[PDB]
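> Begin with these chain(s), straight out of the complex:
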Amino acid sequence: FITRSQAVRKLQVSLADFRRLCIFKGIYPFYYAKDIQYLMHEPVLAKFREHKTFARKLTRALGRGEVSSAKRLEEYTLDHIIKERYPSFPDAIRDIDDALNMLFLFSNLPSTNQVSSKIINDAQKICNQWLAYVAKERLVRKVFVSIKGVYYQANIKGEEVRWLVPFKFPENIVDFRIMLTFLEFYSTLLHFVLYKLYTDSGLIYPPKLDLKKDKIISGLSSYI
Amino acid sequence: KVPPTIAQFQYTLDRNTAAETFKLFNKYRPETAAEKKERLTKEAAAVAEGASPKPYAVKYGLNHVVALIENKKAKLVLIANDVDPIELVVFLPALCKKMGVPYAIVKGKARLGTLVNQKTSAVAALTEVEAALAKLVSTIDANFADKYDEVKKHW
């Protein structure tokens, strides 16, 4: 076992990126050496180093000038982690019950400096697919109208996901950085989960969607 | 003690005129490797499926910059102060003065090169330009070449 600081020094990766790595993988007690050794072999470290080098080269270009170089410099998904933490699709569905609460909360958050508009747009669009799928297989079994929101319980192959729908009222705004990493991981999981569910439903994916109806209500009344 | 021929640098162009010179030079930045390569690829694609005015760019290479000098082709010469081999640039101001060509000194060779893509350029010059070049030359003259014409003195 090694200390958290010792493990960070061995990985020589700043705590900000170590938080993301631990969230993707999961390490806790002081910490067992084997977990740190396994993490060090992950390919995500190479991608993080590449991103840091890209950022520093972009800063070099911006300081030197010639913005064309910075624009030209602009030229990933944690698929492997999904398999490790979710050995099988039922395991992913089981973990959904607590994972997707963060995504559903983010689906109604307002855009701010701490959260880019793209993140909120993706979160809202993910709901447009989740509700669309749930409205075709008719797996809804509970509709508890709680103060926190309407506590939905869709019987997703017998795991009774306890996802909660936040109210449409403005959710006035903690360290969102960790929340941002959790949202990114859950969105990466949701992409594959939705792909699998749509393939199982027999509908061609991605199916067509209607935007004029979206401009009227913007919600489940679209995307067939 | 530095001889009178040395210390001609370090006393350089003022802040505002230096910034104006940098802005003017940025208007004629030479095409970079990526831009040149993409332009050549586009030209090849156009020709391979289905004659331009002479280009303009800043002069930076010491050998060809000096070659333009003496021939009176250099309209303006910009020199760095922090160059490690001083002998490379000690004679350049004297040659420019003898040939009757405007010249100026700047602090920071890397900043000199940042406007010409290369990491460092030591010296730079311009061959062609639109009309602000004359005003910049007059300002540089009145602020360095005529106000500090006594560079031959002091130690």
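That came through, no problem. Numbering: from 1, shown residues only, chains lettered A, B, ... in the order given.
> neighbours around the residue in chain A that chain B sits nearest to, how many?
Distances from chain A to chain B, computed as C-beta to the nearest C-beta, single out residue A:64 as the nearest residue at 4.7 Å. Using the backbone N, CA and C atoms, a C-beta is placed for each residue, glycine as well. Neighbouring residues of residue A:64 were enumerated by other C-beta atoms under 10 Å in any protein chain shown; the total is 17.
> Would you mind measuring the gap between the ends of stretch A:213-224?
11 Å (C-alpha to C-alpha, to the nearest Å).
> for stretch B:1-21, same thing?
One end of stretch B:1-21 sits 32 Å from the other (C-alpha to C-alpha).
> give the contact list for residue 93.
By default, I'm working from chain A. Residues near residue A:93 by C-beta atoms under 8 Å, 6 or more residues apart in numbering or on different chains: A:156-157, A:159, A:161, A:193.
> try chain B instead
When contacts are counted by C-beta under 8 Å, 6+ apart, residue B:93 is found next to B:8, B:79, B:103, B:105.
> Okay, and which of those residues map to strands?
Using DSSP state E to define strands, the subset of the contacts of residue B:93 located there is B:79, B:103, B:105.
> Among those, which one sits closest to residue B:46?
For the ones in strands among the contacts of residue B:93, the closest approach to residue B:46 (C-beta to C-beta) belongs to residue B:79, at 40.9 Å.
> bridging residues for that closest one?
Beta-bridge pairing of residue B:79, defined through DSSP bridges, involves residue B:105, residue B:123.
> What about it, how many residues nearby?
Residue B:79 is flanked by 25 other residues according to other C-beta under 10 Å.
> where's it relative to chain A, distance?
The gap separating residue B:79 from chain A is 20 Å, by C-beta to the nearest C-beta, to the nearest Å.
> List, one by one, the residues from chain A near chain B.
Contact residues (C-beta under 8 Å from any C-beta of the partner chain) of chain A with chain B: A:64-66, A:68-69, A:72.
> Residue A:24: how many residues sit nearby?
When counting by other C-beta under 10 Å, one arrives at 21 neighbours for residue A:24.
> Over to residue A:84?
As a burial measure, the neighbour count of residue A:84 was computed by other C-beta under 10 Å and equals 13.
> Helix, strand or coil: sort out it for me.
Following DSSP: H, G, I helix; E, B strand; the rest coil, we place residue A:84 in the helix state.
> put chain C onto that model:
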Amino acid sequence: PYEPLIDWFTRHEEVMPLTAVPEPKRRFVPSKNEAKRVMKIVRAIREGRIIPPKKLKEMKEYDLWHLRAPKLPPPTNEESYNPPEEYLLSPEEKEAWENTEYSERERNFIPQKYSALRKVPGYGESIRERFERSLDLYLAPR
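Once chain C is put in with the chains from before, the structure reads:
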């Protein structure tokens, strides 16, 4: 030791250039050294090993199918917008719950009742509960 220099030579300006080198045609010709590279690229495109720039843009385009249980939190406990009248606890208990030390606090909600649906208030503590659960979602010793 300390004397000024003499500008005996740097006082007159030459008229004619020091050299009368003949003018090369290349200066008056569109960069034949660049037409060479243009034709090399043309040859490479003809051989097909170089993709035209348009195809690069036109080609900028799948189902992939210490590990203790996370211990999910308990389900809802009479936090409905229209709960039984008996479950609407007195203000004194609600005040104690609100003033209860955090973390050690047991209940995660305050009892309330609302008849009209439009009167249902929006939850303001949703973000805080999710943030609290986030810590356990990855810092839990398990």
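> The neighbour count of residue A:24 again please, this time with chain C.
Residue A:24 sits with 22 neighbouring residues when counted by other C-beta under 10 Å.
> Would you confirm that it belongs to a strand?
No: Residue A:24: not assigned to a strand; according to three-state DSSP it is helix.
> Quick check: the nearest residue to it once chain neighbours are set aside vs residue C:70, distance?
For residue A:24, the nearest residue in space outside its immediate sequence neighbours is residue A:81; the separation is 4.8 Å by C-beta to C-beta, 6 or more residues apart in numbering or on different chains. When C-beta to C-beta, to the nearest Å is the yardstick, residue A:81 and residue C:70 sit 16 Å from each other.
> which residue ranges form the strands in chain B?
In chain B, strands defined by DSSP E lie at B:76-80, B:103-106, B:123-126, listed in chain order.
> could the ones you listed be laid out in a markdown table, adding distance to residue B:4?
Written out in a markdown table, the entries for these read as follows (distance: least, C-beta to C-beta, whole Å):
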| stretch | distance to residue B:4 |
| --- | --- |
| strand B:76-80 | 18 |
| strand B:103-106 | 15 |
| strand B:123-126 | 21 |
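> Contact partners for the residue nearest to residue A:24?
Contacts for residue A:81 were tallied using C-beta under 8 Å, 6+ apart; they are A:24-25, A:44, A:185.
> can you name the two of those that are farthest apart?
Farthest apart among those by C-beta to C-beta are A:44 and A:185. That separation is 11.6 Å.
> quick one, which of these two is more surrounded?
Comparing residue A:44 with residue A:185 by neighbour count (other C-beta under 10 Å), the higher total belongs to residue A:185, at 21 against 18.
> is it true that the more buried one lies in a strand?
No: assignment of residue A:185 by three-state DSSP gives helix, placing it outside any strand.
> pretty sure it contacts residue A:79?
No: when contacts are counted by C-beta atoms under 8 Å, residue A:185 is not listed as touching residue A:79 (11.6 Å).
> Could you measure from residue B:6 over to chain A?
Taken as C-beta to the nearest C-beta, the spacing of residue B:6 relative to chain A amounts to 30 Å.
> quick one, what contacts that residue?
Residue B:6 makes contacts with B:86, B:90, as judged by C-beta under 8 Å, 6+ apart.
> For the residue of chain A found nearest chain C, grab the count of nearby residues.
With C-beta to the nearest C-beta as the measure, residue A:169 is the residue of chain A nearest to chain C, at 3.1 Å. Number of residues near residue A:169 (other C-beta under 10 Å) recorded here: 12.
> please slot chain D in as well:
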Amino acid sequence: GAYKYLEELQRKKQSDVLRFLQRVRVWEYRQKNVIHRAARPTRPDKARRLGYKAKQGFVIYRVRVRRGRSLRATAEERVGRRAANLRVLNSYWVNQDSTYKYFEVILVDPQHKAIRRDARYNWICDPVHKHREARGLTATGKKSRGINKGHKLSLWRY
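Putting chain D onto the chains we already have gives this:
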């Protein structure tokens, strides 16, 4: 070219500018180690006319030798000893002091693929040229050997 002027400037070493430059650089050289890498040659004209080029694979060294064997050859041998994998093609003077003399030496890497891949310098990669300074085959070595041009028992079967 600038070299045309640099050569003439270096010719008048007694001039004030070069006298100041030498006394400025002597202290910096002294503060450095006995043998140290030089990022760029302080006399680019001399190195370029000596066949040195700025392309990859070329290395410039500097070394200090006590004053009072030929100093150039001793400096070349000393730099070659530390730089076992490099070849001391040539060396030239840059600065002199009352107690020490400074000679710049240009090194060419034979293992580097860039040096091996060009016909203008691939000859130096042959094993025959190994330790060229050791045998005094350089310009200073040949001069010391007295290889000038001009005046400057056997029994057969029958």
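> quick recheck of the contacts of residue B:6 now chain D is there?
Contact criterion C-beta under 8 Å, 6+ apart gives B:86, B:90, D:17, D:20 as the residues in contact with residue B:6.
> run the last query once more with 7 Å
Contacts of residue B:6 were listed using C-beta atoms under 7 Å, 6 or more residues apart in numbering or on different chains, and they are B:86, D:17, D:20.
> who wins for most neighbours among those residues?
residue D:17 (19 neighbours).
> from what I can see that residue touches residue B:90, true?
Yes: between residue D:17 and residue B:90 there is a contact at 5.9 Å, judged by C-beta atoms under 7 Å.
> overlap in contacts of these two?
Applying C-beta under 7 Å, 6+ apart, one finds that residue D:17 and residue B:90 are jointly contacted by residue B:5.
> What are the phi and psi values at residue D:11?
Dihedral angles of residue D:11 (phi, psi; degrees, to the nearest 10) stand at phi -60, psi -40.
> OK, contacts around it?
Going by C-beta under 7 Å, 6+ apart, residue D:11 touches no other residue.
> can you tell me how far the residue in chain B that chain D sits nearest to sits from chain A?
Scanning chain B for the residue nearest chain D gives residue B:3, at 4.1 Å (criterion: C-beta to the nearest C-beta). Using C-beta to the nearest C-beta, one gets 35 Å for the distance from residue B:3 to chain A.
> Check residue D:120 too.
The value you get for residue D:120 to chain A, if C-beta to the nearest C-beta is used, is 33 Å.
> what's around that residue, how many residues?
With neighbours defined by other C-beta under 10 Å, the count for residue D:120 comes to 9.
> Which residues of chain B lie near chain C?
Contacts of chain B with chain C, taken as C-beta under 7 Å from any C-beta of the partner chain, map to B:4-5, B:40-45, B:47-48, B:52, B:70-72, B:94, B:97-100, B:152-153, B:155.
> Which residue ranges of chain C form helices?
Taking DSSP state H, the helices of chain C run over residues C:32-47, C:53-58, C:91-99, C:126-139.
> for those, which one ends up most surrounded?
Mean neighbours per residue, mean count of other C-beta atoms under 10 Å in any protein chain shown, is largest over those for helix C:126-139, with a mean of 17.
> close to chain C, is stretch A:4-21?
No: among the residues of stretch A:4-21, none lie within reach of chain C under C-beta under 7 Å from any C-beta; the closest is 8.7 Å away.
> What is the distance between that stretch and the centre of its chain?
Using C-alpha atoms, centre = their mean, to the nearest Å, the mean C-alpha position of stretch A:4-21 is found 22 Å from that of the whole chain.
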